[PDB]
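Asker: Have a look at this one.
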Amino acid sequence: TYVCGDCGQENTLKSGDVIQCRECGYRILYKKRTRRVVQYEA
Amino acid sequence: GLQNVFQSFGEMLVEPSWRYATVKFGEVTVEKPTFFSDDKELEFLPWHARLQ
Ligand SMILES: [Zn+2]
């Protein structure tokens, strides 16, 4: 699951050649943060 | 700036040693930056160039 840039769409592409957003044109993707528990010491 | 640079340079005749070839330069025009994508033309921004 990857988030695009100016366009809002889930890429979810894992192929080596798939780097371009679908129906967007731009090739900038951001990795989405999943629901994982992380512990911090205050 | 660019117009004066191109106007100052004068191209003379080209002869290998009748036929001869001479070139000339007209008005210089500069277009806005544009990203040449595979699908279609897209807007180009400084942060797009920084990330790519
Ligand atoms: Zn997109």
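Letters A, B, ... mark the chains of the structure tokens in the order given; residue numbers begin at 1 per chain; ligand numbers begin at 1, in order shown.
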Could you build a table of the residues in chain B lying no more than 9 Å from chain A, giving for each the nearest pair of atoms and their separation in Å rounded to one decimal place, using only C-alpha atoms, ordered by chain and ascending residue number, as CSV?
Answerer:
```
residue,atom,partner,partner_atom,distance
B:37,CA,A:25,CA,6.9
B:38,CA,A:25,CA,7.9
B:39,CA,A:25,CA,6.5
B:40,CA,A:25,CA,7.4
B:41,CA,A:25,CA,8.7
B:42,CA,A:25,CA,7.5
B:48,CA,A:28,CA,8.1
B:51,CA,A:28,CA,7.7
B:52,CA,A:28,CA,7.6
```
Asker: Excluding residue 32 in chain B and residues on its chain fewer than 2 positions from it, collect all residues at most 9 Å away from it, counting only C-alpha atoms, and give them as a ChimeraX atom specification.
Answerer: /B:30,34,44
Asker: At a cut-off of 9 Å, using only C-alpha atoms, what residues contact residue 45 in chain B? Leave out same-chain residues fewer than 2 positions from it and give the result as a list in words.
Answerer: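 So, after excluding close chain neighbours, the residues are residues 33, 34, 35, 43, 47, 48, 49 and 50 of chain B.
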Asker: Write the residues of the preceding selection, restricted to C-alpha atoms, as a PDB file, in the first residue's frame.
Answerer:
```
ATOM      1  CA  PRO B  33       9.267  23.922 -17.761  1.00  0.00           C
ATOM      2  CA  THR B  34       7.089  20.877 -18.404  1.00  0.00           C
ATOM      3  CA  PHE B  35       7.532  17.240 -17.404  1.00  0.00           C
ATOM      4  CA  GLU B  43       2.855  20.408 -14.489  1.00  0.00           C
ATOM      5  CA  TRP B  47       9.805  19.943  -5.388  1.00  0.00           C
ATOM      6  CA  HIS B  48       8.894  17.432  -8.100  1.00  0.00           C
ATOM      7  CA  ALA B  49      12.391  17.880  -9.534  1.00  0.00           C
ATOM      8  CA  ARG B  50      13.931  17.697  -6.053  1.00  0.00           C
TER       9      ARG B  50
END
```
Asker: Name the residues in contact with range 10-14 of chain A at a cut-off of 9 Å, using only C-alpha atoms, excluding same-chain residues fewer than 6 positions from it; report them as a PyMOL selection string.
Answerer: chain A and resi 1-4+20-22+29+32
Asker: Restricting it to N, CA, C and O atoms, dump the selection as a tab-separated table (two decimals), in the first residue's frame.
Answerer:
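Output contents, as saved in result09.tsv:
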```tsv
chain	number	residue	atom	x	y	z
A	1	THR	N	0.82	-1.20	0.00
A	1	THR	CA	0.00	0.00	0.00
A	1	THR	C	0.86	1.26	0.00
A	1	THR	O	1.63	1.50	0.93
A	2	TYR	N	0.73	2.06	-1.05
A	2	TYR	CA	1.49	3.30	-1.20
A	2	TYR	C	0.54	4.44	-1.53
A	2	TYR	O	-0.38	4.28	-2.34
A	3	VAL	N	0.77	5.59	-0.91
A	3	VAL	CA	-0.02	6.78	-1.14
A	3	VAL	C	0.70	7.67	-2.15
A	3	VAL	O	1.92	7.84	-2.09
A	4	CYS	N	-0.06	8.22	-3.09
A	4	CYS	CA	0.49	9.07	-4.13
A	4	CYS	C	0.77	10.46	-3.56
A	4	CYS	O	0.73	10.69	-2.35
A	20	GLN	N	4.83	4.23	-11.35
A	20	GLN	CA	3.98	5.34	-11.75
A	20	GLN	C	2.57	5.14	-11.21
A	20	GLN	O	2.02	4.04	-11.25
A	21	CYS	N	1.99	6.22	-10.69
A	21	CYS	CA	0.64	6.17	-10.14
A	21	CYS	C	-0.38	5.91	-11.24
A	21	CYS	O	-0.25	6.39	-12.37
A	22	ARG	N	-1.41	5.14	-10.89
A	22	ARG	CA	-2.46	4.79	-11.84
A	22	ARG	C	-3.40	5.97	-12.05
A	22	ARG	O	-3.88	6.57	-11.08
A	29	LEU	N	5.52	8.41	-4.81
A	29	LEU	CA	4.68	7.59	-3.94
A	29	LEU	C	5.21	7.64	-2.52
A	29	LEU	O	6.43	7.65	-2.29
A	32	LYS	N	2.49	4.11	3.20
A	32	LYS	CA	1.45	4.35	4.19
A	32	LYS	C	1.78	3.66	5.50
A	32	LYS	O	2.38	2.58	5.53
```
Asker: Could you please determine the separation between CA of residue 4 in chain B and CA of residue 22 in chain B in Å, to one decimal place?
Answerer: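 Separating CA of residue 4 in chain B from CA of residue 22 in chain B is a distance of 20.3 Å.
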Asker: As a ChimeraX atom specification, please: all residues of chain A that backbone DSSP puts in strand (DSSP E or B).
Answerer: /A:2-3,10,30-31
Asker: Create the file for the chosen residues now, containing N, CA, C and O atoms and written as a PDB file, in the first residue's frame.
Answerer:
```
ATOM      1  N   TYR A   2       0.734   2.059  -1.054  1.00  0.00           N
ATOM      2  CA  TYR A   2       1.486   3.297  -1.196  1.00  0.00           C
ATOM      3  C   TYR A   2       0.541   4.439  -1.535  1.00  0.00           C
ATOM      4  O   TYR A   2      -0.378   4.279  -2.342  1.00  0.00           O
ATOM      5  N   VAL A   3       0.774   5.586  -0.912  1.00  0.00           N
ATOM      6  CA  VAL A   3      -0.022   6.784  -1.144  1.00  0.00           C
ATOM      7  C   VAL A   3       0.698   7.666  -2.153  1.00  0.00           C
ATOM      8  O   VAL A   3       1.920   7.843  -2.088  1.00  0.00           O
ATOM      9  N   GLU A  10      -4.676   4.970  -3.556  1.00  0.00           N
ATOM     10  CA  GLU A  10      -3.828   3.905  -3.035  1.00  0.00           C
ATOM     11  C   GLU A  10      -3.203   3.140  -4.195  1.00  0.00           C
ATOM     12  O   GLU A  10      -3.918   2.565  -5.024  1.00  0.00           O
ATOM     13  N   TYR A  30       4.294   7.664  -1.556  1.00  0.00           N
ATOM     14  CA  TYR A  30       4.627   7.655  -0.138  1.00  0.00           C
ATOM     15  C   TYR A  30       4.115   6.372   0.502  1.00  0.00           C
ATOM     16  O   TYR A  30       2.986   5.945   0.243  1.00  0.00           O
ATOM     17  N   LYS A  31       4.950   5.762   1.340  1.00  0.00           N
ATOM     18  CA  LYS A  31       4.568   4.540   2.033  1.00  0.00           C
ATOM     19  C   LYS A  31       3.581   4.865   3.148  1.00  0.00           C
ATOM     20  O   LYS A  31       3.808   5.782   3.943  1.00  0.00           O
TER      21      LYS A  31
END
```
Asker: To one decimal in Å, tell me the separation between CA of residue 5 in chain B and CA of residue 20 in chain B.
Answerer: 25.4 Å
Asker: Report, in Å with one decimal, the straight-line distance from CA of residue 28 in chain B to CA of residue 16 in chain B.
Answerer: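 Those two atoms sit 28.7 Å apart.
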Asker: When distances are computed from only C-alpha atoms and all ligand atoms, which of A:40, A:8, A:17, A:35 shows the smallest separation from ligand 1?
Answerer: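 Closest residue, counting only C-alpha atoms and all ligand atoms: A:8.
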